[PDB]
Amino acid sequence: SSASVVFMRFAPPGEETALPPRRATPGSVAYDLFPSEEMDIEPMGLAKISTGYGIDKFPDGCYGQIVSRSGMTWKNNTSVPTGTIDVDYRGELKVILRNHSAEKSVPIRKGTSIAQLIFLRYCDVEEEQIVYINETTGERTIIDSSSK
């Protein structure tokens, strides 16, 4: 279970949907994400693209980070401004994609990947304290504290 992922398909079986998150090969860090629908992102535009899938099970100690693909960033003048997926998120992954071109539109197509997903190890903090420190004496005052 330590290195296993379960993706949740939103569309009922039998219905046309996006290509599933596909391992990027050659390579080992990313999954390619695909769009459910086709569109053209206008110059300076910001799009929210549905991928047809959610993460049902994350690998242990990992959350998901949606990142831009190098090719499209350079070729289509794009970026992925946000992409932090919490371990409790059950909804459908949606890629936020910005077109930085003042002249060209970005083609979003069924069989072509729009972004990558990486499973990064993070710390799920168990203990937290908020402290105020006297800048002259070094004396500490606990503001508040909590356990998870």
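One rule holds for the numbers: they count along the sequence shown, beginning at 1.
In this crystal structure, the stretch out of 60 to 68 and 39 to 47 whose C-alpha atoms carry the higher mean B factor is 39 to 47. When the modelled residues of the chain are ordered by their C-alpha B factor, residue 142 lands in the middle third. Residue 99: CA B factor in the middle third of modelled residues in this chain (values from the PDB entry). Ranked by Cα temperature factor within the chain, residue 5 sits in the highest third according to the deposited record. Placement of the Cα temperature factor of residue 26 within the chain: highest third of the modelled residues, per the deposited record. In the PDB entry, residue 130 places in the lowest third of its chain by CA B-factor.
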